[PDB]
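Numbering (this note's numbering), first residue to last: 41 to 324.
Encoded as structure tokens, the structure appears first; notes follow it.
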Amino acid sequence: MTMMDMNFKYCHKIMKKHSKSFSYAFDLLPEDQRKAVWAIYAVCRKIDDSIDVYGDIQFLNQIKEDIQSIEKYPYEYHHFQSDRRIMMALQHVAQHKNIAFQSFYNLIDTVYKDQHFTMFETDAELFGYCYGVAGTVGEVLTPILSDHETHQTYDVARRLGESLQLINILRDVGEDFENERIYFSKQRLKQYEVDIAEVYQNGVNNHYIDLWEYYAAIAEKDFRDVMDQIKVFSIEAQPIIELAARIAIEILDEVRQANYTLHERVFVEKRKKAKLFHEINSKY
Numbered sequence: 041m042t043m044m045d046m047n048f049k050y051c052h053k054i055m056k057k058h059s060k061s062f063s064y065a066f067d068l069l070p071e072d073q074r075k076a077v078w079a080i081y082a083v084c085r086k087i088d089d090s091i092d093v094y095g096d097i098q099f100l101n102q103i104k105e106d107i108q109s110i111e112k113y114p115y116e117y118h119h120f121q122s123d124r125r126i127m128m129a130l131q132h133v134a135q136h137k138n139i140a141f142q143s144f145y146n147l148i149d150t151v152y153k154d155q156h157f158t159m160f161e162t163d164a165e166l167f168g169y170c171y172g173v174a175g176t177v178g179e180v181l182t183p184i185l186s187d188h189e190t191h192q193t194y195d196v197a198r199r200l201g202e203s204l205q206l207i208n209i210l211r212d213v214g215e216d217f218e219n220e221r222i223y224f225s226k227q228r229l230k231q232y233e234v235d236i237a238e239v240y241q242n243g244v245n246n247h248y249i250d251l252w253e254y255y256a257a258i259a260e261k262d263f264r265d266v267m268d269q270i271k272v273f274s275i276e277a278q279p280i281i282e283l284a285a286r287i288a289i290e291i292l293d294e295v296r297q298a299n300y301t302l303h304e305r306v307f308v309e310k311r312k313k314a315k316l317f318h319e320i321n322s323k324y
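In structure tokens:
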């Protein structure tokens with residue numbers, strides 16, 4: 041085990057902890073690809089968690105500066121300010137692959153704006169947030185997951201990231217509410233006569249189910265569109281992407297089976313992910 045191996049192993053730990061749903065899929069990639077996913081994912085996660093973990097924006101500012109250092113001087117040694125293990129790994133990836141640095145900057149800008157967990161007025165704002173926190177991740181991952189640097193490959197990856205984020209939202213309504221977060225837009229809440237606090241107290245009702253299903257239908261359509269374009273990804277990444285999309289749909293079915301509960305964290309069993317992969321990988 042080298043120092044660089046340890047940096048990547050730490051990035052892996054961050055992804056395994058914070059994407060319990062999807063880590064399993066990305067870990068099926070070939071070694072060099074999954075390691076790059078770990079590093080990029082870990083940077084993004086450290087950005088997203090930073091204001092809550094530290095209680096201020098210092099670490100966030102440091103991370104931005106470290107990323108800027110890598111962008112400007114990818115081959116120079118930096119004394120990183122934020123988390124040296126994740127930045128050394130990101131720099132290693134950047135020395136081998138084209139990184140969309142502006143996507144990291146867009147993510148950082150979004151996390152800063154979202155720091156009070158302010159409610160979104162319209163779905164357009166909700167989906168703008170989904171771009172900022174997850175579409176950006178898909179953009180940065182694009183050269184790792186594909187050999188095509190075409191606009192539609194970035195577009196499919198961006199949509200995949202945003203759709204995975206909408207699944208996270210749909211899975212985590214109760215847990216998010218406990219943490220002072222509601223992602224559904226004010227406009228849609230009003231249209232469907234839903235108050236999340238009220239639902240948290242008094243249980244699911246048909247209006248809440250209709251609202252949740254409105255967003256689930258969006259996610260499912262966007263996943264179908266991603267799958268229609270699965271061949272934009274490298275042959276090695278295709279079954280992994282298909283598996284992440286299948287796990288996503290399975291999460292929606294788990295939520296439905298649990299009667300859309302706000303009081304449990306539903307999830308797909310590791311053993312079930314293996315079954316889903318067996319079905320998928322047998323096509324490849």
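From the three backbone atoms N, C-alpha and C, an ideal C-beta is built for every residue, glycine too.
Query: At the level of alpha carbons, what is the spacing between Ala65 and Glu290?; Result: 13 angstroms
Query: Does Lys137 come out as helix, strand or coil in the three-state DSSP assignment?; Result: coil
Query: Nearest CA to the CA of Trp78: which residue from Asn299, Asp216, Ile126?; Result: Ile126
Query: Go ahead and label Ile222 buried or exposed: buried means 16 or more other beta carbons lie within 10 angstroms of its beta carbon, across all protein chains shown.; Result: buried
Query: Tell me whether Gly95 is buried or exposed, calling it buried when 16 or more other Cβ atoms sit within 10 Å of its Cβ.; Result: exposed
Query: Report the option in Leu302, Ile249, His318 whose CA atom is closest to the CA atom of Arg211.; Result: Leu302
Query: Would you mind reading off the limits of the alpha helix (DSSP H) that contains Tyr194?; Result: 191 to 211
Query: Roughly how many angstroms lie between the CA atoms of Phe160 and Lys137, to the nearest whole one?; Result: 35 angstroms
Query: What do you reckon, are the CB atoms on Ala256 and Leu292 nearer than 8 angstroms?; Result: yes
Query: Indicate whether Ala164 and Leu204 have their beta-carbon atoms separated by less than 8 angstroms.; Result: no
Query: Is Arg125 helix, strand or coil when you go by DSSP?; Result: helix
Query: Can you say whether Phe144 is buried or exposed, counting buried as having 16 or more other CB atoms within 10 angstroms of its CB?; Result: buried
Query: If you check the beta carbons only, do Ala82 and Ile103 fall under 8 angstroms apart?; Result: no
Query: Using the three-state DSSP reduction, which class does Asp88 fall into: helix, strand or coil?; Result: helix
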